[PDB]
Amino acid sequence: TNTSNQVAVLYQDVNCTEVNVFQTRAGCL
Amino acid sequence: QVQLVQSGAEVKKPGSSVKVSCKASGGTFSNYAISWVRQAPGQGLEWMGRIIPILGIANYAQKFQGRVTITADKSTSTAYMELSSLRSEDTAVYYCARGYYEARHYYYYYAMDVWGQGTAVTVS
Amino acid sequence: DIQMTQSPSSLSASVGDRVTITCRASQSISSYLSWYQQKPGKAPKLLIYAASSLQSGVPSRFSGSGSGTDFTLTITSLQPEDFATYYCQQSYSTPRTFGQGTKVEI
Amino acid sequence: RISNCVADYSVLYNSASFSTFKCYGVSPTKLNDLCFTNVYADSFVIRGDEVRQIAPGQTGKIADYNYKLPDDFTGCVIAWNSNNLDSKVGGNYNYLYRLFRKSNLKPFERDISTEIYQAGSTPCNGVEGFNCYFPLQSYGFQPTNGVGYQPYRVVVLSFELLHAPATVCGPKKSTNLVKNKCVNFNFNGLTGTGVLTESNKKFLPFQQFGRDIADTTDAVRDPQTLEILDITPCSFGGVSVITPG
Amino acid sequence: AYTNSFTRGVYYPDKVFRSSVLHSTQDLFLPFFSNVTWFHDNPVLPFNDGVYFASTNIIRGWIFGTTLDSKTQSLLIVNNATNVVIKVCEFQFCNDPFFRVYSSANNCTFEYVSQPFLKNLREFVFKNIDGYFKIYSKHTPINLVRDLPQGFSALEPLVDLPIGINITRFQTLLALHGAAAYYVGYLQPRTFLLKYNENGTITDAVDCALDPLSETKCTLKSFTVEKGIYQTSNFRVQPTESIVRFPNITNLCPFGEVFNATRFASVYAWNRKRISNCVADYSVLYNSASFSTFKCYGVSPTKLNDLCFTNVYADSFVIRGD
Ligand SMILES: *[C@@H]1O[C@H](CO)[C@@H](O)[C@H](O)[C@H]1NC(C)=O
């Protein structure tokens, strides 16, 4: 909050089709 | 035995109003409704409606709705029927009858077991 | 409006005759039927309620039966005071229409 | 709705006329040491073996369709024999109770409609018939009924306890205020032990007491004088003994 | 017309003082950065779960109710003779309220008189919870008519009326005689984290569901989050529809006859029947209402029609009432 209000969201162990989008082995970022 | 005693015959001109009475004798309106039945000269019976005095609820047949009023006094157990805009087809005998409305009396199916002597109202 | 038909429209009988009157509704109305006897110049008297139960204060010569839409009242031994009109009544829905009546003559 | 009175429940309780006095979430005799924001008084008449249903978590015709008490009710239910006053010779059929409704009442809901209860598919054109029941039935109160069926007048006092100003307080006389001393206080129903000091917390005109992180009140507004008292717990601490042996 | 709500519409949720603390609360608040309807003749507005109102002494009083036709009780707030009057009478209302509105004053069950309120906007919040009609408000200076001010300001409570009327719609009232303007938003049960300063006034707040950053601010109970990875909640896909799969069995259960049997056994010889392999329509049993006692234990009576049992044993007998 001292640098930027931009955020990223990681859905853990949840391969994402369900509602940039990058798939990682940890989930959908 | 609860009996119903009605008022005497009445002769009234068309356009006037009529007030028939129905008094309980030997009983009170103990969870009973007062129904009104009509009978034209030489004709059968015509059901018009019934009143529950306890709550002052009144129901009437579609045909008569508007010019017909039934009221009841639960304390003295006396009901009165007030009809306005009399026309010549209103000449008939009117009977009051003890009926049921409570679910506890489901096996009676809203029958009427005691009937008054009737009141003839002649319009001419 | 429930269409209710009585039969016969009139009948002649003598003291001691067996009388049977049928009452049919235009659609099923279960046991919502009451029976009344009426004399000239007097109010009707309730005879049979719930299609089959005998009303208190009614002589045992009257009896009721029937099933579905058609129900019948039977008079086992017609008496001098039994010459009168007989009415069936349905209470299934408003209005509780009465039949045109059945006149019994001597 | 009763409010702004010194509710003297101690006089009311010790009368032997009352046949049922059951309180939930409040002990029936300590009520005189508490203050309440507003007290609702409900009243009605029912039959004997139905008073048992005027309780939280209960079921039955009156509880489901006439008067429903909440699961977490905090208050009292009072009942007593009305057989002499309400029951008349020849049967008292004037009091009615509802048996049917589309759904069960929510707690404290009131339904005074008189429409015919449609229990089936066939519509009811304002007159009772098949699958069309009148929703009410009358109590058959008679002087010869067994006690279980005799009428009982019931009054239900409901007490609310929210973070709001109290108005109804049991008639415990007020006393002088001592500051800077360890005392056991009772401020309009808030009880505790602590030392009362002046404070510089400017409460807004609508706030009555201030709270700390923990389950404890940190400041309070005294009644009559509206002044702001800080409450700090009385000094304490462990004791250790130094001994050479 | 629509306007943006920004960070307005916060009210003291519990009326207990706090200081220098971050307090998390669940209540009806106006969600941040939501669109609020702007009206500039007056329409009928839904009330739903609570209303946020803003205006900028033309607009006096408000009307609340369910049918607005003298058939049900209706909350009325009026600012007359410097003494505000609140009444819940079954007034018969006009098509366009403006004194006519106060006719047929009967069946009155509550009356209250209070002190008067109202380049400055006048914000109000109306909330109806468990029979309490809570009204909050504040006045604040403005020098921008194009939109609704940016900033933060907590709404001080004014009163709480124990009316207990089912309110569904409301309308604003104009001074009886190109018009004035007001903004209305609708409140939602969102979770807010509020900052109380040393003096006790809310200086900031965070909506716990508006944005992932706000979710971290809420979960971390802090208004600044240092760099890192944080977990705030759990994603779980919700079911889309209900499906029921049952055997083809169409047999009807004996229940009908068992209740309606003409001859019952004596209580010493209670009759037991075993019932299995049949569908059982408890709704006919229920709507055949002629029972004087219906008490079920270990199952809810209202929900006997939604389960499946291995078998039902039916015992029957006749006893006396007591
Ligand atoms: C609190 O009020 C005092 C005086 O009443 C003022 O000096 C102080 O700055 C206020 N605190 C804040 C955070 O504004």
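FYI, residue positions are counted from 1 along the chain as it appears here.
Header entry for method reads electron microscopy, 3.3 Å.
The backbone N, Cα and C atoms fix where each Cβ goes, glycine too.
So that you can see what the record holds, here are the features copied from Swiss-Prot:
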DISULFID  A:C16-A:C28  disulfide bond
CARBOHYD  A:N2  N-linked glycosylation site
CARBOHYD  A:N15  N-linked glycosylation site
Those recorded positions in A:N2, A:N15, A:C16, A:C28 passing the chain E Cβ proximity test, under 8 Å, are A:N2
Smallest Cα-Cα separation from A:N2 (N-linked glycosylation site) among the recorded positions A:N15, A:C16, A:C28 is shown by A:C28
The number of other Cβ atoms within 10 Å of the Cβ of A:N2 (N-linked glycosylation site), counted over all protein chains shown, is 7
Per 10 Å Cβ neighbour count, which of the disulfide-bonded residues A:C16, A:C28 ranks highest? A:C28
Are there residues of the same chain, six or more positions away from A:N15 (N-linked glycosylation site), whose CB falls under 8 angstroms from its CB, and which are they? A:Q23, A:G27, A:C28
Where does A:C28 (disulfide bond) sit in DSSP terms: helix, strand, or coil? strand
